[PDB]
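To start, the structure itself, in structure tokens.
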Amino acid sequence: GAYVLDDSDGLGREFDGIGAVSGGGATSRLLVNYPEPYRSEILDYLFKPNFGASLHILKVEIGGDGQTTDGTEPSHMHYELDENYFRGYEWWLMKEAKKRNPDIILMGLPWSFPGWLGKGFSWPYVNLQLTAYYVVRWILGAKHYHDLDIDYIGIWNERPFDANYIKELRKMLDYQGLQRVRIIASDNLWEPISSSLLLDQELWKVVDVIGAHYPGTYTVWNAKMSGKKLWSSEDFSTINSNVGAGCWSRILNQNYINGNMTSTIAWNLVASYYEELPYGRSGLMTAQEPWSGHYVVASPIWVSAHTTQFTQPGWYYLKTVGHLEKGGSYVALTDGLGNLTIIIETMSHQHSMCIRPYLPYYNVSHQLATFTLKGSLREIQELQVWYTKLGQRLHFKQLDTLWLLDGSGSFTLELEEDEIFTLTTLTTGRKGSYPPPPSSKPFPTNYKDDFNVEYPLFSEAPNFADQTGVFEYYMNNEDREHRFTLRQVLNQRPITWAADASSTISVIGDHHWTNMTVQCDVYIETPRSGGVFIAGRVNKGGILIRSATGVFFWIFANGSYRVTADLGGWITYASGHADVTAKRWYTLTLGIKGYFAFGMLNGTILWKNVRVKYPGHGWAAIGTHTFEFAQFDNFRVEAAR
Ligand SMILES: *[C@@H]1O[C@H](CO)[C@@H](O[C@@H]2O[C@H](CO)[C@@H](O)[C@H](O)[C@H]2NC(C)=O)[C@H](O)[C@H]1NC(C)=O
Ligand SMILES: *[C@@H]1O[C@H](CO)[C@@H](O[C@@H]2O[C@H](CO)[C@@H](O)[C@H](O)[C@H]2NC(C)=O)[C@H](O)[C@H]1NC(C)=O
Ligand SMILES: *[C@@H]1O[C@H](CO)[C@@H](O[C@@H]2O[C@H](CO)[C@@H](O)[C@H](O)[C@H]2NC(C)=O)[C@H](O)[C@H]1NC(C)=O
Ligand SMILES: *[C@@H]1O[C@H](CO)[C@@H](O)[C@H](O)[C@H]1NC(C)=O
Ligand SMILES: OC[C@@H]1[C@H](O)[C@H](O)[C@]2(O)CC[C@H]1N2
Ligand SMILES: [Ca+2]
Ligand code: NI
């Protein structure tokens, strides 16, 4: 009926901000080679204040060289004694975010770890000081090399925590003058972290925020008792159609209302990874075509704006928030300066499903909502109105100001299903607009890269999406013909988050490709036991990279070759001997058309008219037999979709 909004009995919890995740894993991979101005425009839609999603929080993966959902991300310490703070693209992304929003909040969190941290075990808690040292060096490097202040450091994404590790991490941060860095734990479920904090005063002292993943808007009693800030430190992960916007809309309000969570952070920030990788197009917007410049400002961007443009971290929720009589919810916030923001959502069940969890049916129907401003809100003769209707549709439209000048501090509105209203004293709102970007286009059907770049802007050549191992631009000054190559740089299995393959692999191109010729120069660095491959029709990647089938053309340093149907090498198409050794360059060609494949070694047929599965489709790929050094040069692909 009537809903009272008031602050005379005090405020709710402090609001900590809305954010998104770049990482877990390689979700921003394809953003870095967007041409200008589109790349800058994408970033404006994400981070520019009073424009698009206007995000308050950016959380990034701390790469550990393992597969972490849509690819690998490179570590700052590939090996013991190795330190490099310029690999990958999270440094670049954090700086671009800070340029747009100097007050953006920065978080880092590991998914995988370089294998050498485990000292012979796939376990990061073998040497607590060593793992803490590794993580803290990332934070120091962020400051020393990029002028980035990391505000929050997590533990181990969706993996066990170790209470002694968390304490050592606090001790190490303090030892390095990083008292201001806060710890969030444990980026998994509410338990066991929540009860651990009630039982261990020392643990309680060093954990600042309980961060839980996909809580379905609820928390648990132990977490409320702790007194700690509670965050949905990872949510969303739903395709960014209108359904995902509805999911984002509902949980943004109800994570606080139902579970006292004062921050929600969406996985992921932007869908800049091939769509047929796991969880495709599950970013706040889509930018997965750097070759064309095409991107899509999806509905979740404007759902975000309904909160972010009219709140800031440090505002406070009112005590008077809740659900509507006939479905939906409302929150309200103030900044203690006379501003008020009211956010109303009526997302229907059929149109707001997240992937995790699935809610049983709830009803939503037309209703009239009356709001009355009591307490300090009593003045406020006017409020600005921003409106979105999902599903068709209209996004983030500014409507006529509502006037409360009748002395009652009261208004009403006709709500229907799947709407968002933001009513605010703030006058800074804006629906940012750039002109439309180029039309969508498939990955180029002829594509080449000679890797000849002496000072690359990023550590890896464009469009190559590593799915196990790490491939990087490599300069060999002791050579003239292959001075600039692409090298696989892992020499041992990471402490894995995913089930990384036993072979390294980087995929590129158009997943719909069915007939293709792939060519590449390859160089095997390990004598006798080394091996490399080129492939096509590679059908799976990311978390499922172990499952990948296709056509794989292997050569080995013992003078042999293999043609397999699977990355694991269990299914043989052909095999035989080849004039192949380590430490010399060979040019591999693989042609796949219809039912048949052929392979050439240095332009001479090695095997031909070999029967392969068909129909079949997938990316092109390169890689190495195990975690071993190898180089690649003069990559070429021609394909038909
Ligand atoms: C966390 O939020 C819950 C609600 O989601 C608060 O719970 C009680 O909620 C009912 C109705 O939902 C109110 O009538 C009670 O007054 C609330 N309890 C109290 C003590 O006020 C709960 O208070 C919140 N916990 C915090 C802020 O620590
Ligand atoms: C609403 O918010 C704005 C921005 O936070 C407030 O205006 C600022 O007020 C502070 C002092 O309170 C000044 O130092 C800033 O220069 C102001 N900035 C802008 C952009 O105006 C405003 O006071 C708040 N209250 C109301 C009723 O608007
Ligand atoms: C990929 O290659 C196969 C084999 O050449 C193509 O299939 C043939 O297409 C022709 C003309 O379209 C037909 O007359 C044949 O009967 C097809 N054969 C088979 C076995 O399908 C296929 O169309 C090609 N696809 C692309 C996208 O180029
Ligand atoms: C939802 O509520 C309305 C109003 O009470 C009712 O008419 C309608 O049948 C309900 N729908 C479901 C699926 O419960
Ligand atoms: O929905 C998938 C999500 C994504 O893959 C993130 O990497 C993760 O941390 C791991 C699973 C979940 N959260
Ligand atoms: Ca080269
Ligand atoms: Ni497919």
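By convention in this document, the chains of the structure tokens carry letters A, B, ... by their order, each chain's residues are numbered from 1, and ligands are numbered from 1 in the order they are shown.
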Exercise for the section: May I have the residues within 8 Å of stretch 476-491 of chain A as a list in words, using only C-alpha atoms and disregarding those fewer than 4 positions away in the same chain? Expected result: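 Residues near the query, excluding close chain neighbours: residues 65, 78, 450, 451, 452, 453, 454, 460, 461, 469, 470, 471, 472, 504, 623, 624, 627, 628, 629, 630, 631, 632 and 633 of chain A.
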Exercise for the section: Could you give me, as a VMD selection string, the residues within 12 Å of stretch 132-135 of chain A, counting only C-alpha atoms and dropping anything in the same chain fewer than 5 positions from it? Expected result: chain A and resid 61 to 64 75 to 84 108 to 114 116 to 118 124 to 127 140 to 142 150 152 to 156 162 164 to 176
Problem - Nearest residue to ligand 6 from the set A:558, A:197, A:378, A:474 (distances using only C-alpha atoms and all ligand atoms) - result: A:474
Exercise for the section: Using only C-alpha atoms and all ligand atoms, determine which residues fall within 7 Å of ligand 5, then list them as a PyMOL selection string. Expected result: chain A and resi 23-25+68-69+157-158+234+237+267+279
What are the closest atom pairs, with distances in Å to one decimal, for each residue of chain A lying within 12 Å of ligand 1, using only C-alpha atoms and all ligand atoms, rows by chain and rising residue number, as a Markdown table?
| residue | atom | partner | partner_atom_place_in_ligand_line | distance |
| --- | --- | --- | --- | --- |
| A:9 | CA | ligand 1 | 21 (O) | 11.2 |
| A:10 | CA | ligand 1 | 21 (O) | 11.3 |
| A:11 | CA | ligand 1 | 27 (C) | 9.7 |
| A:12 | CA | ligand 1 | 27 (C) | 6.5 |
| A:13 | CA | ligand 1 | 27 (C) | 6.2 |
| A:14 | CA | ligand 1 | 27 (C) | 9.8 |
| A:15 | CA | ligand 1 | 27 (C) | 11.8 |
| A:217 | CA | ligand 1 | 5 (O) | 9.4 |
| A:218 | CA | ligand 1 | 5 (O) | 8.2 |
| A:219 | CA | ligand 1 | 1 (C) | 8.6 |
| A:220 | CA | ligand 1 | 1 (C) | 9.7 |
| A:221 | CA | ligand 1 | 25 (N) | 9.0 |
| A:222 | CA | ligand 1 | 28 (O) | 10.6 |
| A:223 | CA | ligand 1 | 28 (O) | 8.8 |
| A:224 | CA | ligand 1 | 28 (O) | 5.2 |
| A:225 | CA | ligand 1 | 28 (O) | 7.0 |
| A:226 | CA | ligand 1 | 28 (O) | 8.8 |
| A:227 | CA | ligand 1 | 28 (O) | 6.8 |
| A:228 | CA | ligand 1 | 28 (O) | 9.0 |
| A:229 | CA | ligand 1 | 28 (O) | 9.3 |
| A:230 | CA | ligand 1 | 28 (O) | 9.7 |
| A:253 | CA | ligand 1 | 5 (O) | 11.2 |
| A:254 | CA | ligand 1 | 5 (O) | 8.6 |
| A:255 | CA | ligand 1 | 5 (O) | 8.8 |
| A:256 | CA | ligand 1 | 5 (O) | 7.0 |
| A:257 | CA | ligand 1 | 5 (O) | 4.8 |
| A:258 | CA | ligand 1 | 5 (O) | 4.0 |
| A:259 | CA | ligand 1 | 5 (O) | 5.3 |
| A:260 | CA | ligand 1 | 1 (C) | 4.5 |
| A:261 | CA | ligand 1 | 1 (C) | 8.3 |
| A:262 | CA | ligand 1 | 27 (C) | 10.1 |
| A:316 | CA | ligand 1 | 27 (C) | 11.8 |
| A:317 | CA | ligand 1 | 27 (C) | 10.1 |
| A:318 | CA | ligand 1 | 27 (C) | 10.7 |
| A:319 | CA | ligand 1 | 21 (O) | 8.4 |
| A:320 | CA | ligand 1 | 13 (C) | 9.6 |
| A:321 | CA | ligand 1 | 5 (O) | 8.9 |
| A:322 | CA | ligand 1 | 12 (O) | 7.5 |
| A:323 | CA | ligand 1 | 12 (O) | 9.3 |
| A:329 | CA | ligand 1 | 5 (O) | 11.9 |
| A:331 | CA | ligand 1 | 5 (O) | 11.5 |
May I have a table of the residues of chain A lying at most 7 Å from ligand 4, giving each one's closest pair of atoms and their distance in Å to one decimal, counting only C-alpha atoms and all ligand atoms, ordered by chain and ascending residue number, as JSON lines?
{"residue": "A:363", "atom": "CA", "partner": "ligand 4", "partner_atom_place_in_ligand_line": "1 (C)", "distance": 5.0}
{"residue": "A:364", "atom": "CA", "partner": "ligand 4", "partner_atom_place_in_ligand_line": "1 (C)", "distance": 6.3}
{"residue": "A:365", "atom": "CA", "partner": "ligand 4", "partner_atom_place_in_ligand_line": "2 (O)", "distance": 6.1}
Problem - Interatomic distance (Å, one decimal) between atom CA of residue A:548 and atom CA of residue A:567 - result: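 The value is 5.8 Å.
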Practice task
May I ask you to write as an MDAnalysis selection string all residues lying at most 12 Å from ligand 2, with only C-alpha atoms and all ligand atoms counted?
Solution key: chainID A and resid 50 309:315 333:341 376:377 379:384 424:429
Give me a file of those residues, with N, CA, C and O atoms, as a compact mmCIF listing (two decimals), in the first residue's frame.
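Final output, result.txt:
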# COMPACT_ATOMS: atom_id res chain seq x y z
N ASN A 50 28.88 9.21 -14.88
CA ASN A 50 27.71 9.90 -15.43
C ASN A 50 27.59 9.69 -16.94
O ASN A 50 27.37 10.63 -17.71
N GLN A 309 25.02 5.61 -11.24
CA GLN A 309 25.06 7.04 -11.53
C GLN A 309 24.47 7.87 -10.40
O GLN A 309 24.69 9.09 -10.36
N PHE A 310 23.73 7.24 -9.49
CA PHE A 310 22.98 7.93 -8.45
C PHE A 310 23.33 7.46 -7.05
O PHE A 310 22.64 7.81 -6.09
N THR A 311 24.40 6.68 -6.92
CA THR A 311 24.98 6.34 -5.63
C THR A 311 26.49 6.39 -5.78
O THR A 311 27.03 6.34 -6.89
N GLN A 312 27.17 6.50 -4.65
CA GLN A 312 28.62 6.35 -4.57
C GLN A 312 28.93 5.53 -3.32
O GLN A 312 28.12 5.49 -2.39
N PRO A 313 30.07 4.83 -3.30
CA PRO A 313 30.52 4.24 -2.04
C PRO A 313 30.60 5.31 -0.96
O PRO A 313 31.03 6.44 -1.22
N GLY A 314 30.16 4.97 0.24
CA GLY A 314 30.11 5.91 1.32
C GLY A 314 28.73 6.47 1.60
O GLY A 314 28.48 6.92 2.72
N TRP A 315 27.83 6.47 0.61
CA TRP A 315 26.41 6.63 0.88
C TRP A 315 25.94 5.52 1.83
O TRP A 315 26.64 4.53 2.07
N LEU A 333 18.73 5.32 -0.61
CA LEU A 333 20.03 5.67 -0.04
C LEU A 333 20.14 7.18 0.08
O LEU A 333 19.50 7.93 -0.67
N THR A 334 20.97 7.63 1.02
CA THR A 334 21.31 9.04 1.16
C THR A 334 22.83 9.16 1.29
O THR A 334 23.52 8.19 1.59
N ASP A 335 23.33 10.38 1.06
CA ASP A 335 24.74 10.70 1.22
C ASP A 335 25.02 11.55 2.46
O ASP A 335 26.13 12.06 2.62
N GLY A 336 24.02 11.73 3.32
CA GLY A 336 24.14 12.61 4.46
C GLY A 336 24.25 14.08 4.11
O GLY A 336 24.51 14.89 4.99
N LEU A 337 24.05 14.44 2.84
CA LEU A 337 24.11 15.83 2.40
C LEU A 337 22.78 16.33 1.87
O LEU A 337 22.74 17.38 1.21
N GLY A 338 21.69 15.63 2.12
CA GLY A 338 20.41 16.03 1.59
C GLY A 338 20.02 15.38 0.28
O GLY A 338 18.94 15.69 -0.25
N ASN A 339 20.85 14.50 -0.27
CA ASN A 339 20.44 13.77 -1.46
C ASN A 339 19.75 12.46 -1.09
O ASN A 339 20.01 11.88 -0.03
N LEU A 340 18.87 12.01 -1.98
CA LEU A 340 18.13 10.78 -1.81
C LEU A 340 18.02 10.09 -3.16
O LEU A 340 17.72 10.74 -4.17
N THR A 341 18.24 8.78 -3.17
CA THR A 341 18.07 7.96 -4.36
C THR A 341 17.18 6.78 -4.02
O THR A 341 17.40 6.12 -2.99
N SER A 376 14.45 13.42 7.80
CA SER A 376 15.15 14.48 7.09
C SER A 376 14.73 14.59 5.63
O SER A 376 14.90 15.65 5.02
N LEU A 377 14.18 13.51 5.06
CA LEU A 377 13.71 13.52 3.68
C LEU A 377 12.47 14.37 3.51
O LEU A 377 11.98 14.49 2.38
N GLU A 379 11.68 17.48 3.39
CA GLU A 379 11.69 18.55 2.40
C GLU A 379 11.58 17.96 1.01
O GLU A 379 10.55 17.37 0.67
N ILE A 380 12.62 18.10 0.20
CA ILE A 380 12.68 17.51 -1.14
C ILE A 380 11.40 17.79 -1.90
O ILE A 380 10.47 16.96 -1.92
N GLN A 381 11.31 18.96 -2.54
CA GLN A 381 10.13 19.26 -3.32
C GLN A 381 10.16 18.64 -4.72
O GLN A 381 9.13 18.63 -5.39
N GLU A 382 11.31 18.11 -5.16
CA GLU A 382 11.41 17.55 -6.50
C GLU A 382 12.40 16.39 -6.54
O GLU A 382 13.35 16.32 -5.76
N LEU A 383 12.15 15.48 -7.49
CA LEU A 383 12.96 14.30 -7.72
C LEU A 383 13.03 14.04 -9.22
O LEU A 383 12.01 14.13 -9.91
N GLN A 384 14.22 13.71 -9.71
CA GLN A 384 14.38 13.33 -11.11
C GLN A 384 14.02 11.86 -11.29
O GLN A 384 14.20 11.05 -10.39
N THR A 424 15.65 10.51 -7.82
CA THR A 424 16.84 10.99 -7.14
C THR A 424 16.83 12.51 -7.12
O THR A 424 16.35 13.15 -8.06
N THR A 425 17.32 13.06 -6.01
CA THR A 425 17.61 14.49 -5.97
C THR A 425 18.79 14.82 -6.88
O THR A 425 18.86 15.94 -7.41
N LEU A 426 19.71 13.88 -7.07
CA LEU A 426 20.88 14.12 -7.89
C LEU A 426 20.47 14.52 -9.30
O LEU A 426 19.51 13.99 -9.86
N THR A 427 21.22 15.45 -9.88
CA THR A 427 20.86 16.01 -11.17
C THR A 427 21.92 15.71 -12.23
O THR A 427 21.85 16.26 -13.34
N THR A 428 22.87 14.83 -11.93
CA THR A 428 24.03 14.59 -12.77
C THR A 428 23.81 13.48 -13.79
O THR A 428 24.73 13.18 -14.56
N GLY A 429 22.62 12.88 -13.84
CA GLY A 429 22.42 11.70 -14.66
C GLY A 429 22.53 11.98 -16.14
O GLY A 429 22.18 13.06 -16.63
Handout entry: Å distance separating atom CA of residue A:562 from atom CA of residue A:542, one decimal place
Key =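 Calculated distance between atom CA of residue A:562 and atom CA of residue A:542 is 24.1 Å.
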Handout entry: Atomic distance atom 25 (N, counted along the ligand's line) of ligand 3 - atom CA of residue A:639, expressed in Å with one decimal
Key =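 Atom-to-atom, atom 25 (N, counted along the ligand's line) of ligand 3 and atom CA of residue A:639 are spaced 9.4 Å apart.
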Practice task
Collect all residues with atoms no farther than 10 Å from ligand 7, counting only C-alpha atoms and all ligand atoms, and output them as a VMD selection string.
Solution key: chain A and resid 275 to 277 511 to 513 537 to 540 616 to 619
Please produce an output containing C-alpha atoms for each residue in the selection, written as a tab-separated table (two decimals), in the first residue's frame.
chain	number	residue	atom	x	y	z
A	275	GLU	CA	31.48	-16.54	-27.68
A	276	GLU	CA	31.76	-20.33	-28.01
A	277	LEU	CA	34.15	-20.44	-25.05
A	511	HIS	CA	34.68	-21.13	-34.25
A	512	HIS	CA	32.31	-21.74	-37.18
A	513	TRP	CA	35.18	-22.45	-39.60
A	537	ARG	CA	38.29	-27.57	-36.19
A	538	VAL	CA	39.10	-27.19	-32.46
A	539	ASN	CA	35.63	-27.32	-30.93
A	540	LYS	CA	36.00	-26.60	-27.18
A	616	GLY	CA	33.01	-30.63	-37.76
A	617	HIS	CA	34.00	-27.06	-37.04
A	618	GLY	CA	36.18	-25.03	-34.71
A	619	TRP	CA	39.11	-22.66	-34.29
Exercise for the section: Set the cut-off to 12 Å, count only C-alpha atoms and all ligand atoms, and list whatever residues fall near ligand 3 as an MDAnalysis selection string. Expected result: chainID A and resid 445 510 512:517 537 591:597 611:618 638:641
Exercise for the section: Give me the residues within 7 Å of residue A:352 as a PyMOL selection string, counting only C-alpha atoms and dropping any in the same chain fewer than 5 places off. Expected result: chain A and resi 243-244+246-247+347
Practice task
Enumerate, as a ChimeraX atom specification, the complete set of residues in stretch 25-176 of chain A that a backbone-based DSSP assignment places in helix (DSSP H, G or I).
Solution key: /A:38-47,90-100,115-118,128-146,163-175
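When only C-alpha atoms are used to measure the gap to residue A:410, the shortest distance among A:372, A:307, A:626, A:233 belongs to A:372.
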Exercise for the section: Would you mind telling me which residue in A:544, A:582, A:605, A:522 lies nearest to ligand 6 when using only C-alpha atoms and all ligand atoms? Expected result: A:522
